[PDB]
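Here the structure is laid out as structure tokens; the discussion comes afterwards.
Values quoted throughout were computed directly from the atomic coordinates according to the rules given, and no laboratory measurement underlies them. In this analysis, Cβ positions are derived from the backbone assuming ideal geometry, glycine residues included, and neighbour counts consider all displayed protein chains.
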Amino acid sequence: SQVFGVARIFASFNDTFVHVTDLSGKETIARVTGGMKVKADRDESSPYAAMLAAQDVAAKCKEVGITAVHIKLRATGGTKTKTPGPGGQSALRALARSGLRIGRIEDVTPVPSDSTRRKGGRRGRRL
Amino acid sequence: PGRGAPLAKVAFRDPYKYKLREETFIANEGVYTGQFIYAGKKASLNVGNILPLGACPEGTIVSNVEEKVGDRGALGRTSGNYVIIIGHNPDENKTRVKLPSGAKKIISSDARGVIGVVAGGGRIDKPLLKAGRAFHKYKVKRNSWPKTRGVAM
Amino acid sequence: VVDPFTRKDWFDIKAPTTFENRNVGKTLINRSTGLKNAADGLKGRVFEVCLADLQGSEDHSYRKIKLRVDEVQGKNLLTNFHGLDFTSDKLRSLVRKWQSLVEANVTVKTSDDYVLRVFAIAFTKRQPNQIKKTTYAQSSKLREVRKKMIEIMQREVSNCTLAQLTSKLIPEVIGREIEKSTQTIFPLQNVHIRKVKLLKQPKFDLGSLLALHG
Amino acid sequence: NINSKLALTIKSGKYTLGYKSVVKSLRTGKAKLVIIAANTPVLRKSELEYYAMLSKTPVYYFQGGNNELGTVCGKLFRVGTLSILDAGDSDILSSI
Amino acid sequence: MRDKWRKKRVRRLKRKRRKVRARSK
Amino acid sequence: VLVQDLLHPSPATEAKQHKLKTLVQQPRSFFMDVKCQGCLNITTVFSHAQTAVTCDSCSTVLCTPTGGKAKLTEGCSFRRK
Amino acid sequence: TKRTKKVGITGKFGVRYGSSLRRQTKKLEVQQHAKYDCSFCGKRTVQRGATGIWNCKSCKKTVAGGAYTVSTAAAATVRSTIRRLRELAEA
Amino acid sequence: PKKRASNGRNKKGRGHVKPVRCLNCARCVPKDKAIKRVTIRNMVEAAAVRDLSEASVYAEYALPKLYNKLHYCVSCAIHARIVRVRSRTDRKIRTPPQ
RNA sequence: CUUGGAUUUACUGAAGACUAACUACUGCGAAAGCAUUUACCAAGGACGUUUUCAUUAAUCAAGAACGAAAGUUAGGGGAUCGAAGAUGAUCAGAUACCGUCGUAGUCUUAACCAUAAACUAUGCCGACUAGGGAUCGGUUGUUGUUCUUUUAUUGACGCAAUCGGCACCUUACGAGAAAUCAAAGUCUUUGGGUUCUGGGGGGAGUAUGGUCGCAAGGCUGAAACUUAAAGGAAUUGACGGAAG
Ligand SMILES: [Mg+2]
Ligand SMILES: [Mg+2]
Ligand SMILES: [Mg+2]
Ligand SMILES: [Mg+2]
Ligand SMILES: [Mg+2]
Ligand SMILES: [Mg+2]
Ligand SMILES: [Mg+2]
Ligand SMILES: [Mg+2]
Ligand SMILES: [Mg+2]
Ligand SMILES: [Mg+2]
Ligand SMILES: [Mg+2]
Ligand SMILES: [Mg+2]
Ligand SMILES: [Mg+2]
Ligand SMILES: [Mg+2]
Ligand SMILES: [Mg+2]
Ligand SMILES: [Mg+2]
Ligand SMILES: [Mg+2]
Ligand SMILES: [Mg+2]
Ligand SMILES: [Mg+2]
Ligand SMILES: [Mg+2]
Ligand SMILES: [Mg+2]
Ligand SMILES: [Mg+2]
Ligand SMILES: [Mg+2]
Ligand SMILES: [Mg+2]
Ligand SMILES: [Mg+2]
Ligand SMILES: [Mg+2]
Ligand SMILES: [Mg+2]
Ligand SMILES: [Mg+2]
Ligand SMILES: [Mg+2]
Ligand SMILES: [Mg+2]
Ligand SMILES: [Mg+2]
Ligand SMILES: [Mg+2]
Ligand SMILES: [Mg+2]
Ligand SMILES: [Mg+2]
Ligand SMILES: [Mg+2]
Ligand SMILES: [Mg+2]
Ligand SMILES: [Mg+2]
Ligand SMILES: [Mg+2]
Ligand SMILES: [Zn+2]
Ligand SMILES: [Zn+2]
Ligand SMILES: [Zn+2]
């Protein structure tokens, strides 16, 4: 039927990665980040930049032959926050509204088993 | 004399003529007088036995290891030191080991070594306390003590 | 400057006969040149595909299979079983409060000398007539269940080859036997083999693999 | 557990402590059991069990050394081996 | 001032007295 | 309750009390005559027995000790003495 | 009586070499002159010859050990590790 | 004076409880004292749940949820309105808000 | 930091830590503390007991054992965070908050230290005074319940009692200056046994002596002088870069 890629979307609170690979993930087809669409650091992770980033990804996918993708959304993970950034919601909707077909969706955030020590100190970051 | 590690004299029979052969091995800690020492490919994993590197699983503590097959021991010969076997590459017949300096080395899996730690360890923990003690230490090593500072000449 | 996608050749991925829908999908690699063949640099790739896709049914939506390619025949990729895992959301939806979570793992080798670590998970079951808020099992019972998990995974893996086990994993044969075997210890729910890892593979036998592809 | 049974035999029955007494007791057939400490020399051990084989006497291998075997028997000295001549209030003979 | 820092100030000042007294040992 | 007969508590409520909290403390245990199924030999067994009691005729365990009352084996019938 | 409060065996060194070197020496020099239990005959008759050499007066068995103790902790760890690794290899 | 009978935590019959880091500021807070909220949110916002189902290659495919357990220290939670200042008598009420 | 391919992606390997979710007004321990599995070693409370001994006991100056973290000594390890230090910002200034690196340290083995808001700011033993529903451990009687296996001698669940725990809710006979308290009650209607500590606020846990410690420091510990208040709980108001 369709030809599937894998849309590995890494949505932190400072940027948004829209990364489409093959099934194995060893071959990169298109990688457009929200920082390639804006010149201000404060909105590299904006929902608007993620939608533009996803559209460039979808356009690149079409000329190679990728007609559908699976979604593996992830946050920063590790010792930092596990909730995905604001751009992850926009890049998914933009991909679906761009004529690309959607397969399986999964959250693949790296979640530890109580691991190493998190930046900020005992008293946290004082603002 | 001149060695921190004690040496063991081990008597073997000669396989081809009626004669006893006395070998001088570096004593691993736990080796005792009257103990049976087994050396070869089919020797068992017991302290004091001499085995090829490929016959020892990872984590085996070994001493007097051969750098090259048949050189009769090059690595880890001083008191308290040993070699840890890191892993094997059976296709190329090679073994990765960790040396007392912390270096990783790749040796033929046919090279031999003696299971255990070299005896006499912990020698450096004690201060010499005297120039005379160092004099007697080097009295049976070589003429390298005392050292005059080049800046004072 | 060069558009590196003009030099890519597409290959088809074929799953083993243990699954139904054997047409997993397509991959690509740099085209075979004189210095480097495409074949040797293409084997060893791992594809993670949902088990619901390999069987059509949505009952397997929470399991995802790793398929390892280890033989290439023209434009077809002959993959083998590389591992099993649950989706992250399914596990997060099973770990509730006011109940006990029990886990076990065991390292065991198959008949054809495939060394695996198999991870089992289960939860205490609330009885239909239960009134109390929480459903906790005493630590002695949990030790017996954990012991019961290990001896069942050891028994049902060492007695069969990897291909029959693949046919065993799909219907939760081991999970259903653990639930049945622990009935006299404690009522259990959501008994699953939540992850399988291949640790060591035997010496490659292309003939054995080819029998798993038709 | 076997230590509690052996202690009762020492308290109530008859026994000999020591290598020279054990070999004499094996020659006369008055030995019911021979107990050998774990650290007994193998040459003495393999000889003690050759005497017991000839004497048809069961042998029990104590798990501790001759320092631990002596204190189990309530002694302030080391016992490398002992022979039980008369198990009294105990049932050590029925438990090997 | 903070009680914790007042104690630290005196501890550092106690340290000085001890070093000064050591001169006439 | 301000007025209450402490010297004559209701025997129903008196039996629900802890064994040390009655007017005169009294054990709730008893001794039993145990018939094993295999043979017929009177053997007096404590209800809360801590020993695996065996009858004299055949060396078969009659009861297994538990946290509280001893558990009689199958085929064993008891009568309180 | 108690002759020295704390120097003990290092009282032979008088006031020389520094207290840190003398207290570090005392720890290791009590160990190297001690009598250890023989694993062969059970008596506490094992004493050091040179470094790494520990002899039993009773049964005349000599065993290779540490510089200042009959057995070091590293050797004991290796002894159990080899014992453990031996069980798996021999099943 | 003593403001709360529970001392702002949930430690009774215990000496020490291992800490956790606040999600917002990474402050070390004891596990019993931290204000914890369990959230099960839809992974796709309700505006996009239609077009993504239409763009789906699967007929009748259920979108997975996003499960998360959030840990906050006292300063982060009060600032973020996770908990609010209550009256002296209303502080004692510990049932979940209706 | 990046066209010398950074960031990202899949697969693989190595190091050290740490044991997420399950995790609770739940458990254990003298306290500090304790959270992956299994094996081994020796402990422990409660419960059950028509077992045993018969006052063996309660609290305890002196004196001992243990005592978070940090810190010290010497080896080993040094993944991650990270005092010091270095740096980019901010500011009037910022040696700081924030950002980027980072050494000791963080881990471990042998020794030291003996201090924490080491808190329940609440000594221990014994008796009594009031109701209630939950919960953990044990024991004893009993189900429209699910399950071994088809049922029992399976296990789970349900209903009652009870002893012991971790707590919680209501009331105030009673206490308190109040906040509040099932103990902080049984205290002018003042006495069950017993250990420790305080005597207005500072000066001051300072000086000195002694003692322990490698050191950092620990324990014990004044006086001169100064002062009419300092302080506790609550009320009203005012204010708040707190919430509604
Ligand atoms: Mg940014
Ligand atoms: Mg950026
Ligand atoms: Mg830019
Ligand atoms: Mg703030
Ligand atoms: Mg050489
Ligand atoms: Mg010279
Ligand atoms: Mg010089
Ligand atoms: Mg020099
Ligand atoms: Mg000169
Ligand atoms: Mg059972
Ligand atoms: Mg002896
Ligand atoms: Mg000066
Ligand atoms: Mg004298
Ligand atoms: Mg306040
Ligand atoms: Mg407790
Ligand atoms: Mg504490
Ligand atoms: Mg604490
Ligand atoms: Mg709280
Ligand atoms: Mg528990
Ligand atoms: Mg865990
Ligand atoms: Mg400490
Ligand atoms: Mg510490
Ligand atoms: Mg430290
Ligand atoms: Mg160090
Ligand atoms: Mg850092
Ligand atoms: Mg700085
Ligand atoms: Mg500077
Ligand atoms: Mg500056
Ligand atoms: Mg104090
Ligand atoms: Mg507290
Ligand atoms: Mg109960
Ligand atoms: Mg009844
Ligand atoms: Mg059963
Ligand atoms: Mg059972
Ligand atoms: Mg005063
Ligand atoms: Mg002064
Ligand atoms: Mg001193
Ligand atoms: Mg006030
Ligand atoms: Zn009978
Ligand atoms: Zn000896
Ligand atoms: Zn915070």
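Please tell me if G:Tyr17 is among the aromatic types (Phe, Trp, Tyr), on the phi > 0 side of the Ramachandran plot and either buried (at least 18 other Cβ atoms within 10 Å of the Cβ) or away from ligand 11 (no atom under 16 Å from the Cβ) (or both).
Yes, satisfied.
Failed condition for G:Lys61, given (1) under 14 Å from the mean Cα position of the chain (by Cα); (2) under 30 Å from B:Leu51 (Cα atoms); (3) crowded, with 17+ Cβ neighbours inside 10 Å, with all others met?
Unmet for G:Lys61, out of (1) under 14 Å from the mean Cα position of the chain (by Cα); (2) under 30 Å from B:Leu51 (Cα atoms); (3) crowded, with 17+ Cβ neighbours inside 10 Å: (1).
Checking the structure you have, find out if any residue of segment G:79-86 is at the interface with chain B (Cβ under 10 Å from one of its Cβ atoms) and surrounded by fewer than 13 Cβ atoms within 10 Å (Cβ to Cβ).
Let us first name the residues in segment G:79-86 that are at the interface with chain B (Cβ under 10 Å from one of its Cβ atoms), namely G:79, G:81-86.
Right, trim to surrounded by fewer than 13 Cβ atoms within 10 Å (Cβ to Cβ) and you get G:83-84.
Yes, that holds for at least one residue.
Which of the residues belonging to segment D:46-68 are charged (D, E, K, R) and touching a strand residue (DSSP E or B) at 6+ places or on another chain (Cβ under 6 Å)?
In the first step, residues of segment D:46-68 are kept if they are charged (D, E, K, R); the result is D:47, D:49, D:56, D:68.
Within segment D:46-68, just D:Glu49 meets the criteria.
Hey, can you tell me all the residues within segment C:93-140 that are farther than 30 Å from C:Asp205 by Cβ, out of contact with any strand residue (DSSP E or B) (no Cβ under 9 Å at 6 or more places or on another chain) and either of a type outside the set (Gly, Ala, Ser) or assigned to a loop (DSSP other than H, G, I, E, B) (or both)?
Taking segment C:93-140 and keeping what is farther than 30 Å from C:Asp205 by Cβ, we get C:93-104, C:121-140.
Within this subset, residues satisfying the condition of being out of contact with any strand residue (DSSP E or B) (no Cβ under 9 Å at 6 or more places or on another chain) are C:128-133, C:138-140.
Answer for segment C:93-140, where residues must be farther than 30 Å from C:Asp205 by Cβ, out of contact with any strand residue (DSSP E or B) (no Cβ under 9 Å at 6 or more places or on another chain) and either of a type outside the set (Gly, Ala, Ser) or assigned to a loop (DSSP other than H, G, I, E, B) (or both): C:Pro128, C:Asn129, C:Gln130, C:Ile131, C:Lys132, C:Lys133, C:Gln138.
Return the total of residues in segment D:73-96 being surrounded by fewer than 18 Cβ atoms within 10 Å (Cβ to Cβ) and within 16 Å of ligand 11 (Cβ to nearest atom).
Number satisfying all stated conditions: 4.
Checking the condition assigned to a loop (DSSP other than H, G, I, E, B), within 14 Å of chain A (Cβ to nearest Cβ) and not polar (S, T, N, Q), which residue from H:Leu66, H:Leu23, H:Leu52, H:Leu70 passes? Outline the logic, then answer.
Working: H:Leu66 fails: assigned to a loop (DSSP other than H, G, I, E, B); H:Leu52 fails: assigned to a loop (DSSP other than H, G, I, E, B); H:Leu70 fails: assigned to a loop (DSSP other than H, G, I, E, B).
Only one candidate passes the filter, namely H:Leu23.
Got a sec? Which of A:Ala68, A:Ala50 is of a type in the set (A, V, I, L, M), in contact with a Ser or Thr (Cβ under 6 Å, 6 or more places away or on another chain) and more than 30 Å from A:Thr116 (Cα to Cα)? Working first, answer last.
Numbers: A:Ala68 fails: in contact with a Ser or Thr (Cβ under 6 Å, 6 or more places away or on another chain).
That would be A:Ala50, the only listed residue that is of a type in the set (A, V, I, L, M), in contact with a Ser or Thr (Cβ under 6 Å, 6 or more places away or on another chain) and more than 30 Å from A:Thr116 (Cα to Cα).
Evaluate the following for A:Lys39: is it of a type in the set (D, E, K, R), outside any helix (DSSP H, G or I), away from ligand 40 (no atom under 16 Å from the Cβ) and more than 12 Å from chain C (Cβ to nearest Cβ)?
Working: of a type in the set (D, E, K, R): yes; outside any helix (DSSP H, G or I): yes; away from ligand 40 (no atom under 16 Å from the Cβ): yes; more than 12 Å from chain C (Cβ to nearest Cβ): yes.
Criteria met by A:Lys39.
Any idea which residue in segment H:21-41 is nearest to ligand 39 (Cβ to nearest atom), counting only those that are under 19 Å from H:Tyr67 (Cα atoms) and among the β-branched types (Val, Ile, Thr)?
So the residue we want is H:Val38.
Filter segment H:32-49 for residues that are without any contact (Cβ under 8 Å) to a residue 40 or more places away in the chain and assigned to a loop (DSSP other than H, G, I, E, B) and give the result. I'd like the intermediate steps shown before the answer.
Looking only at segment H:32-49, we keep the residues that are without any contact (Cβ under 8 Å) to a residue 40 or more places away in the chain, and these are H:32, H:34, H:36, H:38-49.
Of everything in segment H:32-49, those that are without any contact (Cβ under 8 Å) to a residue 40 or more places away in the chain and assigned to a loop (DSSP other than H, G, I, E, B) turn out to be H:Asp32, H:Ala34, H:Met43, H:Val44, H:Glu45, H:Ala46, H:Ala47, H:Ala48.
What strands (runs of 3 or more DSSP E) lie completely within segment B:1-94 and have 2 or more residues being over 24 Å from G:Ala67 (Cα atoms)? Reasoning before the result, please.
Numbers: elements: B:7-13, B:20-26, B:50-52, B:61-63, B:83-89.
Per the criteria, B:7-13, B:20-26, B:50-52, B:83-89.
Among the residues of segment D:37-77, which ones are farther than 16 Å from D:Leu6 by Cβ, over 13 Å from the mean Cα position of the chain (by Cα) and in a loop (DSSP other than H, G, I, E, B)?
Residues satisfying the conditions are D:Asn39, D:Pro41, D:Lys56, D:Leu76, D:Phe77.
How many residues are surrounded by 14 or more Cβ atoms within 10 Å (Cβ to Cβ) and out of contact with any strand residue (DSSP E or B) (no Cβ under 6 Å at 6 or more places or on another chain) if we restrict to segment C:18-58?
Here the count works out to 10.
Can you tell me how many residues within segment B:1-34 are under 28 Å from B:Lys126 (Cβ atoms), of a type outside the set (A, V, I, L, M, F, W, C) and either within 10 Å of chain G (Cβ to nearest Cβ) or crowded, with 17+ Cβ neighbours inside 10 Å (or both)?
From segment B:1-34, those under 28 Å from B:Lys126 (Cβ atoms) are B:1-9, B:24-33; that's our starting set.
Retained after the next criterion (residues that are of a type outside the set (A, V, I, L, M, F, W, C)): B:1-4, B:6, B:9, B:24, B:28-30, B:32-33.
Of the ones still in play, those that are also either within 10 Å of chain G (Cβ to nearest Cβ) or crowded, with 17+ Cβ neighbours inside 10 Å (or both) are B:1, B:3-4, B:6, B:28-30, B:32-33.
Final tally of qualifying residues: 9.
Out of segment B:116-128, which residues are within 30 Å of B:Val69 (Cβ to Cβ) and free of Cβ contacts under 8 Å to residues at least 40 places away in the same chain?
Taking segment B:116-128 and keeping what is within 30 Å of B:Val69 (Cβ to Cβ), we get B:116-121.
Hits for segment B:116-128: nothing passes.
When you scan segment B:82-96, do you find a residue that is among the aliphatic types (A, V, I, L, M), out of contact with any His (no Cβ under 7 Å at 6 or more places or on another chain), more than 16 Å from ligand 40 (Cβ to nearest atom) and under 14 Å from B:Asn28 (Cβ atoms), even just one? Working first, answer last.
At the first step, the residues of segment B:82-96 found to be among the aliphatic types (A, V, I, L, M) are B:83-86.
Next, from what is left, pick out any that are out of contact with any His (no Cβ under 7 Å at 6 or more places or on another chain): B:83-86.
Next, from what is left, pick out any that are more than 16 Å from ligand 40 (Cβ to nearest atom): B:83-86.
Those left that are additionally under 14 Å from B:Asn28 (Cβ atoms): B:83.
Yes, there is a match, as at least one residue in segment B:82-96 is among the aliphatic types (A, V, I, L, M), out of contact with any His (no Cβ under 7 Å at 6 or more places or on another chain), more than 16 Å from ligand 40 (Cβ to nearest atom) and under 14 Å from B:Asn28 (Cβ atoms).
Among the residues in segment D:21-30, are any of a type outside the set (A, V, I, L, M, F, W, C), out of contact with any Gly (no Cβ under 9 Å at 6 or more places or on another chain) and within 26 Å of G:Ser39 (Cβ to Cβ)?
Initial filter on segment D:21-30 (of a type outside the set (A, V, I, L, M, F, W, C)): D:21, D:24-25, D:27-30.
Narrowing further to those that are out of contact with any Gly (no Cβ under 9 Å at 6 or more places or on another chain): D:21, D:24-25, D:27-30.
From what is left, the residues that are within 26 Å of G:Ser39 (Cβ to Cβ) are D:21.
Yes: one or more hits.
Determine if segment F:12-32 includes at least one residue that is in contact with a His (Cβ under 7 Å, 6 or more places away or on another chain) and in a loop (DSSP other than H, G, I, E, B). Spell out how you get there, then give the answer.
Looking only at segment F:12-32, we keep the residues that are in contact with a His (Cβ under 7 Å, 6 or more places away or on another chain), and these are F:29.
Within this subset, residues satisfying the condition of being in a loop (DSSP other than H, G, I, E, B) are F:29.
Among the residues of segment F:12-32, at least one is in contact with a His (Cβ under 7 Å, 6 or more places away or on another chain) and in a loop (DSSP other than H, G, I, E, B), which makes the answer yes.
For segment A:102-127, what are the residues that are closer than 30 Å to H:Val57 by Cβ and either more than 9 Å from chain H (Cβ to nearest Cβ) or basic (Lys, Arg) (or both)? Show your work before the answer.
Going through segment A:102-127, the residues closer than 30 Å to H:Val57 by Cβ turn out to be A:102-111.
A:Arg104, A:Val108, A:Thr109, A:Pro110, A:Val111, listed by residue number.
Enumerate the pairs (first residue in segment B:102-115 and within 14 Å of B:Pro90 (Cβ to Cβ); second residue anywhere and among the polar types (S, T, N, Q) and assigned to a loop (DSSP other than H, G, I, E, B)) with beta-carbon separation below 8 Å, excluding pairs fewer than 6 apart on the same chain, so at least 6 apart or on different chains.
Taking only residues 6 or more apart or on different chains, the pairs are B:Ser108/B:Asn93; B:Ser109/B:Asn93; B:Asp110/B:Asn93.
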